[PDB]
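Student: Quick one: structure below, then a few questions.
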Amino acid sequence: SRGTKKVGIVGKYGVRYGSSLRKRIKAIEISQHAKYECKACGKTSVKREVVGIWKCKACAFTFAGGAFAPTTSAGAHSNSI
Amino acid sequence: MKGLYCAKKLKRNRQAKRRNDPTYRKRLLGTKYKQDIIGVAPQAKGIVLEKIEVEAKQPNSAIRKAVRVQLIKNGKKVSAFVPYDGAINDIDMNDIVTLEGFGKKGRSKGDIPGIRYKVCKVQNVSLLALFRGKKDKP
Amino acid sequence: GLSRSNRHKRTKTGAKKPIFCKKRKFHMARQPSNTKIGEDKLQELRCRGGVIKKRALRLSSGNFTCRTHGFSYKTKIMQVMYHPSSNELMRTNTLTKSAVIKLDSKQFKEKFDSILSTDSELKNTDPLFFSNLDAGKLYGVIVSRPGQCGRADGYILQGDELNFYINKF
Amino acid sequence: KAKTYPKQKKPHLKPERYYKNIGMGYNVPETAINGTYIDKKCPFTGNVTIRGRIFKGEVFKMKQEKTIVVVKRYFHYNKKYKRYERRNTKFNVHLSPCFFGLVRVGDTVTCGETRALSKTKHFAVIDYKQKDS
RNA sequence: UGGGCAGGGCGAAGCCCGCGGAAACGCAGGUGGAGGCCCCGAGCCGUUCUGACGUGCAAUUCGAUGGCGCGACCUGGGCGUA
RNA sequence: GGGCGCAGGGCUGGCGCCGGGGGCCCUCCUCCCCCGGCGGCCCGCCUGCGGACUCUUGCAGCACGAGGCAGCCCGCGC
RNA sequence: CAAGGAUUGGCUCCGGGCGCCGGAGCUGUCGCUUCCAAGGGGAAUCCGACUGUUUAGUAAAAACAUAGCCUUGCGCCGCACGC
RNA sequence: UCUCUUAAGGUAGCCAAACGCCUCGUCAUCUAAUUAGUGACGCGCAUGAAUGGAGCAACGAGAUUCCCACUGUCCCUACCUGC
RNA sequence: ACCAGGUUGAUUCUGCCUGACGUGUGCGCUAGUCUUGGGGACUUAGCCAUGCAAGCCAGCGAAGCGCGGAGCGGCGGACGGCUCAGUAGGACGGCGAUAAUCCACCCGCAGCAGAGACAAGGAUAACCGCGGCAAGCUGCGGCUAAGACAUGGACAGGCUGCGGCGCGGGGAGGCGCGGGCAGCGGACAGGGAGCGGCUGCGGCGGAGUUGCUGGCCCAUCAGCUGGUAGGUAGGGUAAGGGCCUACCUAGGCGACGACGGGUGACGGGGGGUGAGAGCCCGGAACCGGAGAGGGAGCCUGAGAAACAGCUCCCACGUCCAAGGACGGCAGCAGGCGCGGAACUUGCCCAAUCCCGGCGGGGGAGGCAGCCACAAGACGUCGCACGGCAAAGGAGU
RNA sequence: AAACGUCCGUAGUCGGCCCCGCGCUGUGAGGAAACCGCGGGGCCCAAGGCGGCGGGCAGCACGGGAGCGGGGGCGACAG
RNA sequence: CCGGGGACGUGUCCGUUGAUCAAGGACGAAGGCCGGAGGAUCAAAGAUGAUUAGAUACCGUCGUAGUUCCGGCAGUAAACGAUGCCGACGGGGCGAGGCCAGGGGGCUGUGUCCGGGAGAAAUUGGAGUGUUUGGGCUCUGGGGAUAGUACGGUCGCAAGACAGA
RNA sequence: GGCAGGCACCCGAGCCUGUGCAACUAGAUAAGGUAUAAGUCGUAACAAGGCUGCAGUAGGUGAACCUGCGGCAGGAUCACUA
Ligand SMILES: [Mg+2]
Ligand SMILES: [Mg+2]
Ligand SMILES: [Mg+2]
Ligand SMILES: [Mg+2]
Ligand SMILES: [Mg+2]
Ligand SMILES: [Mg+2]
Ligand SMILES: [Mg+2]
Ligand SMILES: [Mg+2]
Ligand SMILES: [Mg+2]
Ligand SMILES: [Mg+2]
Ligand SMILES: [Mg+2]
Ligand SMILES: [Mg+2]
Ligand SMILES: [Mg+2]
Ligand SMILES: [Mg+2]
Ligand SMILES: [Mg+2]
Ligand SMILES: [Mg+2]
Ligand SMILES: [Mg+2]
Ligand SMILES: [Mg+2]
Ligand SMILES: [Mg+2]
Ligand SMILES: [Mg+2]
Ligand SMILES: [Mg+2]
Ligand SMILES: [Mg+2]
Ligand SMILES: [Mg+2]
Ligand SMILES: [Mg+2]
Ligand SMILES: [Mg+2]
Ligand SMILES: [Mg+2]
Ligand SMILES: [Zn+2]
């Protein structure tokens, strides 16, 4: 009962918008909707609330991050210093 | 596959090897059925359509007196070579002639190219009877 | 007619079999003689080898025994109370083998009270069987095959065999 | 439960339970002698006889309660290659309830040719040997 | 700043279990209920009949047919743009 | 903020039983019409004891404290 | 809903996981989504990708919009992933 | 291969196309018969690459042809009802 | 147990081609004798004119003139013969099973109802007439037989349910038999040529199911399966079984190749060819299977899903007076068609055997003819004899 | 003409040393004639006829000193 | 910094756990493709200046993709040692590896030279221990051409790849 | 209406429709392959084949082929702070 063989989360878009556009937005819609590990409580409960704001729903730890990921490459590099 | 219990593997493997053997390849494919001219049955008999000018393969320079023949059992139009010097004038149009192979396993014999069959009888009497005058064409 | 062969069946591996030869009389089957209650009508068939097989079409009574005391009567069949394979066969009152049927109690209660006159302890041993007898309920199973023998013989239900079946209907 | 009242054969000649000896130099299991199961297809307490080939195979599948799949592995000799072939056939074998729990997957089981018990069942388990033994 | 918009259909991720697998994973059954998805109700609109009407019911309406119908919608009020 | 669903739900209907009030009936029919705050518990959060389990229709939860027990709180509900 | 096929009423039961589901039997002038409600379908071509928008009152379209793609200007801006 | 000439000489594609005057082009298919449709052909009056070319999955009250089924569209009308 | 020719200017190789040998199919040319065998398998399991191919009898015995032979009755026609389409396991072969089954001839045994019994009842065909109808076929009336069909009469066998000890057999049992209670049911009313009926047990002769196992190719066929795998219960069958049905389990098979496809595939005993391992072939004598233009259904019978039986459909074909009636040569000859490719519309039951209770029948079968198709032996015209079913040939 | 670019990898196939069952094998049963092998046999010879003797089967029965399992002990210029 | 690796050394442990592979999986130069970043050199395409009989080329200049990095695709090479993996045995010499030992030493890599054997020969420590033919396992070839082409399949965004008449 | 006919079940040909599989065939057009008498255009390879060659990949050209990148020697080098 997989349902789809290749499209996965962008099966909601049906046949529309073109294969490459559905292929491009698939990595981002996996990214923006996923739960992430809170670095303040440890649990995989960080969800996006709005673009740029990521909040852990367990311990209410909210932090400003990337648009569709909690971390960007430019944002990671400034913090690793 | 040389162990004592490898017989079913060896039969499976060597049969797949044997499919690359060209003599076994024709029996496996059934090419003698794909061309019903001379393979499955000898002595194809058919109706002559026209006399054909065909030149020998060089260095030999001559003109073999072939004829197109449409078979009765198939309707296939195959070309056939007339032996026995001067026999091409003894065969005429709309004759019913019998054709034989060349003893070359389905290939051309000597200087002739492409022609895989040859006539032996015209109107159910042989060309050896006509080349020497033994019999008469009806 | 109906056949007995497996030439239409699939194989053990599920492969379909090719059906080529014409049907033989070696493996021929027949209709189910759905034997019902009524005045006795048996059908005679010259079956294989000339032997006459009698199947019962309608069938009124059955030679029923009481296994505890070794006496029998041909009491009339009233209705099929339970059939094991299908309850369709008891709704139509179809007499086959192993069909629990309601018998005529009159002929059996005459000898049962007669032995109860001598031995008073007999009624107490299985109270449930003698409970239904005074109500007039007497049940038996067909042990013969009426489509093969043409008869509906069997035995009276008694004991735990009876309480097994009265829970089933 | 059961569609008919559970009943056994009348024992000719524990004298209240019917059980027969199948012959061929075999023994009745004590689970068959001292048991309450009413399997009619059982070789010991039922209506089948053992006649014909008796082979020994290994249990392949114990699914589907009363039947089991018994694989008999044998060698066939290819005369051209002068080697053997590992072959096998699977048999749907009737497993009597007297062997319930005793026979498990892997045990070497001797099966005897019965009647055509089912469509694909012509053998019944008459004895067994555990894999660990 | 308020309000309005049947009922069905399809069944995306995720999840559960079974089966298969050395592994990666793959099938299958449920679950879940996504989408400017599908048929459609109130309603809205205006495809066709080139229907009715055409000094009309009407200075654009009526009927059938059709499309839309949780939206890139519709709507009351306030406000802005002359 | 919007939305499918789960649960609750101002209320509404049906059935059964009972109860008034009114009208109709060749036969049949019990026909037709109308009317009938307060305390405890339950949720769920939290607390105490205690220490590891535990759901949900659904993702899951849980040592940053599970289930359980005893409380507490505030609503829905009885 | 590709195409395409079968079935569908009433009654009396039986079974189940029981607002429903499955099965059987009986039955009618063969008839059952019985009124109502409620897709005609297939093979192709042209154009526009799509949902959407439009000439209130002769054009709803292939036009417009769209996302995408691209180019331009801008570090005095709402601050370049911007306008 | 030679030669004239341009800023460059139409490339990949595609086509009597909604773009072809001739023209009802030619060939094939579709038909009893087709200025239609489709598939080809291309010295294309005057196709052609974000003035976007090619491309049709999905979608369409868009434009077109064929087939099945259907029918008062017609042969060829008739009767009935309301107003 | 063999190589030879062919790539080069020459060489050594690899490599294939070709020669050289057997076999069988066809063609060609040629041909003196004899014996023996084979011969429309391949394409067309294509189509068929005409004749023939399975009939026989002892019961009863009509016409016809005691003879007689009709019809009834019975037995066979399910065997042989032909063919190889289908068939990849429903086959075949090997080894089993039938304790899961049935049965004709024949053989060996036991038996066959006292019933008014020194005795058996109604029919029908033949036949006698009268007809219908182109033909094929059929009606009406009248009588009349039985080893036909009944009646009469039950000691047993048998069937079913229940009960149930033993004695025998068997590897294994309520298998056989004895002992029980019920419900059924059920074997001679024949004859003055030998007998013939019927019931049972045991064979024999068959037959149905069935287990294990072996046997072609394709993976450019990798997953298959829903009555599918199992259980319970009933049905049905001669008989076990998903054989079928009812309800219920979720099974069953597969790279140890399932499943699907292909096959110009009947299988085998075998044949060919090679020193051998192998490779190839098996239409073809014998055995088994299957079929009778394609099908399906059935009657009778012990045995057929029969085909020189029936019923129908389909495809071909024929006759008709137009209402109807017929045909199935993969039997034997023979014709056409097909193709490369295959014989006389001969004689006969004499031999080999079969059916029938004997005198009969047998295109099974033999004899001859045709054919260089094959094996073997041998050269370069007319009497008598001889044999033969008859003729011819061999042999003097 | 032809070692898959590499590595992993399951079925498959193959696999260290020491210390009743099964494989393998011998004989025998039972297995049609034709055929085939052999052997006779003056059909005028021959092919033959006819008569002897044999073979066939990873089925069955009996036998078999070795081989393999089972279980311990080594710890392989095996891992 | 994190991770890995083989060889050696060892009275360390386990004790046959192994070898090879259909299927399957992972990695896989260059060029290519997708999205993002970047762009010095070089440079397909393109543009020129020449050469030339012609020159769409070689030469000069310029120049885009690309070359670069990150995430992925792709999955090919003369991916060669044109030499599969594992294992037993087999002559000397010289070298510049690593570890050990201290006794022109042992293990393990690595080249080389000369012989043996092999081979049609070139050659070759395996291409040896092969008609005195048998260690295991996998793959491939079967005259040339058609052709690594077509069809069907699977994979891929595509290019195409695999497989394959 | 008991040799008719009827009803239900069962076996079921045959036909029709839809579809799977297997195998065959027509076709405008258009692409290959092979053989032609060898004609035209060249000369890519074989010598450092006159730009070393080859295969891969990408693009391009009337055409062999050319060019870029990385390989390879089957090279025209077994050879130099030894
Ligand atoms: Mg919508
Ligand atoms: Mg709509
Ligand atoms: Mg509008
Ligand atoms: Mg708690
Ligand atoms: Mg439909
Ligand atoms: Mg469609
Ligand atoms: Mg649009
Ligand atoms: Mg308008
Ligand atoms: Mg675009
Ligand atoms: Mg152009
Ligand atoms: Mg036209
Ligand atoms: Mg038209
Ligand atoms: Mg441009
Ligand atoms: Mg334009
Ligand atoms: Mg729209
Ligand atoms: Mg008469
Ligand atoms: Mg009369
Ligand atoms: Mg065949
Ligand atoms: Mg044969
Ligand atoms: Mg090579
Ligand atoms: Mg790369
Ligand atoms: Mg790159
Ligand atoms: Mg890029
Ligand atoms: Mg430059
Ligand atoms: Mg392809
Ligand atoms: Mg060069
Ligand atoms: Zn947190």
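Identifiers for the structure tokens are assigned positionally: chains receive A, B, ... in sequence, residues are indexed from 1 per chain, and ligands are indexed from 1 in the order shown.
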If you count only C-alpha atoms (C1' of nucleotides) and all ligand atoms, which residues end up within 12 Å of ligand 17, as a VMD selection string?
Tutor: chain I and resid 123 to 125 139 to 144
Student: Kindly assemble as a Markdown table a list of the chain I residues that lie within 9 Å of ligand 19, each paired with its nearest atom pair and their distance in Å to one decimal, using only C-alpha atoms (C1' of nucleotides) and all ligand atoms, sorted first by chain and then by ascending residue number.
Tutor:
```
| residue | atom | partner | partner_atom_place_in_ligand_line | distance |
| --- | --- | --- | --- | --- |
| I:266 | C1' | ligand 19 | 1 (Mg) | 7.3 |
| I:267 | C1' | ligand 19 | 1 (Mg) | 7.2 |
| I:268 | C1' | ligand 19 | 1 (Mg) | 7.5 |
| I:282 | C1' | ligand 19 | 1 (Mg) | 6.0 |
| I:283 | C1' | ligand 19 | 1 (Mg) | 7.0 |
| I:284 | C1' | ligand 19 | 1 (Mg) | 7.3 |
```
Student: With C-alpha atoms (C1' of nucleotides) kept, could you save the residues just selected as a PDB file, in the first residue's frame?
Tutor:
```pdb
ATOM      1  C1'   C I 266       1.219 -39.789 -30.017  1.00  0.00           C
ATOM      2  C1'   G I 267       4.464 -42.367 -26.325  1.00  0.00           C
ATOM      3  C1'   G I 268       7.209 -46.849 -25.910  1.00  0.00           C
ATOM      4  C1'   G I 282      11.046 -43.344 -33.859  1.00  0.00           C
ATOM      5  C1'   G I 283       4.514 -42.165 -39.279  1.00  0.00           C
ATOM      6  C1'   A I 284       5.752 -47.177 -39.986  1.00  0.00           C
TER       7        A I 284
END
```
Student: Can you tell me which residues come within 9 Å of ligand 11 when counting only C-alpha atoms (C1' of nucleotides) and all ligand atoms, ideally as JSON, numbers by chain?
Tutor: {"H": [24, 34, 35, 36, 37]}
Student: Within 12 Å of ligand 14, counting only C-alpha atoms (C1' of nucleotides) and all ligand atoms: which residues, as a PDB file with C-alpha atoms (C1' of nucleotides), in the first residue's frame?
Tutor:
```
ATOM      1  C1'   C H  19       0.940  30.215 -41.654  1.00  0.00           C
ATOM      2  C1'   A H  46       5.312  34.555 -47.450  1.00  0.00           C
ATOM      3  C1'   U H  47       7.393  28.052 -41.737  1.00  0.00           C
ATOM      4  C1'   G H  48      11.281  28.519 -37.961  1.00  0.00           C
ATOM      5  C1'   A H  49      13.468  29.060 -32.741  1.00  0.00           C
ATOM      6  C1'   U H  51       8.718  38.501 -31.967  1.00  0.00           C
ATOM      7  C1'   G H  52       9.955  31.510 -29.005  1.00  0.00           C
ATOM      8  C1'   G H  53      10.612  26.439 -32.442  1.00  0.00           C
TER       9        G H  53
END
```
Student: Find the residues near ligand 26. Use a cut-off of 10 Å, count only C-alpha atoms (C1' of nucleotides) and all ligand atoms, and write them as a ChimeraX atom specification.
Tutor: /L:44-45,48-53
Student: All residues within 7 Å of ligand 8 are required, counting only C-alpha atoms (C1' of nucleotides) and all ligand atoms; please report them as a list in words.
Tutor: residues 55, 58 and 59 of chain G
Student: For segment 101-114 of chain D, work out the shell of residues within 7 Å, counting only C-alpha atoms (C1' of nucleotides) and skipping chain neighbours fewer than 5 positions away, then give it as a PyMOL selection string.
Tutor: chain D and resi 48-62+122-131
Student: Show me which residues line ligand 9, defined as having an atom within 10 Å of a ligand atom where only C-alpha atoms (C1' of nucleotides) and all ligand atoms count, and present them as a VMD selection string.
Tutor: (chain G and resid 49 68 to 69) or (chain H and resid 50 52)
Student: Grab me every residue within 10 Å of ligand 20, counting only C-alpha atoms (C1' of nucleotides) and all ligand atoms, and send it over as a PDB file with N, CA and C atoms (P, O5', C5', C4', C3', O3' and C1' of nucleotides), in the first residue's frame.
Tutor:
```pdb
ATOM      1  P     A J   1      39.831 -11.683 -32.586  1.00  0.00           P
ATOM      2  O5'   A J   1      38.463 -12.465 -32.654  1.00  0.00           O
ATOM      3  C5'   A J   1      37.233 -11.776 -32.640  1.00  0.00           C
ATOM      4  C4'   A J   1      36.214 -12.605 -31.930  1.00  0.00           C
ATOM      5  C3'   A J   1      36.475 -12.792 -30.453  1.00  0.00           C
ATOM      6  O3'   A J   1      35.921 -11.734 -29.702  1.00  0.00           O
ATOM      7  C1'   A J   1      36.015 -14.881 -31.463  1.00  0.00           C
ATOM      8  P     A J   2      36.840 -10.728 -28.866  1.00  0.00           P
ATOM      9  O5'   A J   2      36.205 -10.830 -27.420  1.00  0.00           O
ATOM     10  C5'   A J   2      34.852 -11.230 -27.277  1.00  0.00           C
ATOM     11  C4'   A J   2      34.729 -12.399 -26.341  1.00  0.00           C
ATOM     12  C3'   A J   2      35.565 -12.287 -25.088  1.00  0.00           C
ATOM     13  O3'   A J   2      34.851 -11.597 -24.089  1.00  0.00           O
ATOM     14  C1'   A J   2      35.845 -14.432 -26.078  1.00  0.00           C
TER      15        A J   2
ATOM     16  P     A K  82      48.357  -5.543 -21.421  1.00  0.00           P
ATOM     17  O5'   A K  82      46.984  -5.850 -22.141  1.00  0.00           O
ATOM     18  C5'   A K  82      46.196  -6.965 -21.762  1.00  0.00           C
ATOM     19  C4'   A K  82      44.774  -6.545 -21.557  1.00  0.00           C
ATOM     20  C3'   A K  82      43.765  -7.667 -21.601  1.00  0.00           C
ATOM     21  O3'   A K  82      42.609  -7.280 -20.870  1.00  0.00           O
ATOM     22  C1'   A K  82      43.502  -6.282 -23.496  1.00  0.00           C
ATOM     23  P     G K 141      28.940 -15.185 -25.577  1.00  0.00           P
ATOM     24  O5'   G K 141      30.147 -15.603 -26.513  1.00  0.00           O
ATOM     25  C5'   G K 141      31.015 -14.634 -27.073  1.00  0.00           C
ATOM     26  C4'   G K 141      32.167 -15.312 -27.757  1.00  0.00           C
ATOM     27  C3'   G K 141      31.766 -16.395 -28.732  1.00  0.00           C
ATOM     28  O3'   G K 141      31.460 -15.861 -30.000  1.00  0.00           O
ATOM     29  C1'   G K 141      33.492 -17.183 -27.321  1.00  0.00           C
TER      30        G K 141
END
```
Student: As a PyMOL selection string, please: every residue in segment 55-158 of chain C that DSSP puts in alpha helix (DSSP H).
Tutor: chain C and resi 88-91+106-118+122-125+127-135
Student: Kindly provide, as a list in words, the residues of chain L having any atom no farther than 12 Å from an atom of chain B, counting only C-alpha atoms (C1' of nucleotides).
Tutor: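 Output check: residues 23, 24, 34, 35, 36 and 37 of chain L.
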Student: One decimal, in Å: what's the spacing between atom CA of residue 76 of chain C and atom CA of residue 109 of chain C?
Tutor: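 Atom CA of residue 109 of chain C lies 13.6 Å from atom CA of residue 76 of chain C.
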Student: What residues have any atom no more than 9 Å from ligand 25 when counting only C-alpha atoms (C1' of nucleotides) and all ligand atoms, and can you list them as a ChimeraX atom specification?
Tutor: /K:150-153
Student: Generate a file of the selected residues that holds N, CA, C and O atoms (P, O5', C5', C4', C3', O3' and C1' of nucleotides), formatted as a PDB file, in the first residue's frame.
Tutor:
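Output (again-v3.pdb):
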```
ATOM      1  P     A K 150      19.167   0.051 -32.903  1.00  0.00           P
ATOM      2  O5'   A K 150      18.026  -0.867 -33.517  1.00  0.00           O
ATOM      3  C5'   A K 150      17.422  -0.542 -34.755  1.00  0.00           C
ATOM      4  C4'   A K 150      16.505  -1.644 -35.209  1.00  0.00           C
ATOM      5  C3'   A K 150      15.433  -2.049 -34.217  1.00  0.00           C
ATOM      6  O3'   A K 150      14.302  -1.208 -34.282  1.00  0.00           O
ATOM      7  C1'   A K 150      16.514  -3.972 -35.032  1.00  0.00           C
ATOM      8  P     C K 151      13.606  -0.691 -32.941  1.00  0.00           P
ATOM      9  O5'   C K 151      12.628  -1.876 -32.552  1.00  0.00           O
ATOM     10  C5'   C K 151      11.728  -2.410 -33.503  1.00  0.00           C
ATOM     11  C4'   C K 151      11.230  -3.761 -33.070  1.00  0.00           C
ATOM     12  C3'   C K 151      10.764  -3.855 -31.634  1.00  0.00           C
ATOM     13  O3'   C K 151       9.467  -3.333 -31.432  1.00  0.00           O
ATOM     14  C1'   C K 151      12.154  -5.690 -32.126  1.00  0.00           C
ATOM     15  P     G K 152       9.191  -2.363 -30.190  1.00  0.00           P
ATOM     16  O5'   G K 152       9.117  -3.349 -28.952  1.00  0.00           O
ATOM     17  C5'   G K 152       8.069  -4.297 -28.865  1.00  0.00           C
ATOM     18  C4'   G K 152       8.381  -5.393 -27.883  1.00  0.00           C
ATOM     19  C3'   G K 152       8.772  -4.952 -26.490  1.00  0.00           C
ATOM     20  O3'   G K 152       7.682  -4.549 -25.692  1.00  0.00           O
ATOM     21  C1'   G K 152      10.279  -6.581 -27.210  1.00  0.00           C
ATOM     22  P     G K 153       7.828  -3.248 -24.772  1.00  0.00           P
ATOM     23  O5'   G K 153       8.768  -3.726 -23.585  1.00  0.00           O
ATOM     24  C5'   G K 153       8.369  -4.787 -22.741  1.00  0.00           C
ATOM     25  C4'   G K 153       9.513  -5.298 -21.908  1.00  0.00           C
ATOM     26  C3'   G K 153      10.114  -4.317 -20.928  1.00  0.00           C
ATOM     27  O3'   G K 153       9.334  -4.176 -19.762  1.00  0.00           O
ATOM     28  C1'   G K 153      11.836  -5.453 -22.054  1.00  0.00           C
TER      29        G K 153
END
```
Student: For chain C, which residues have at least one atom within 12 Å of chain D, if we go by only C-alpha atoms? Write them as a PyMOL selection string, please.
Tutor: chain C and resi 5-6+9-14+82-87+97-100+140-143+157-169
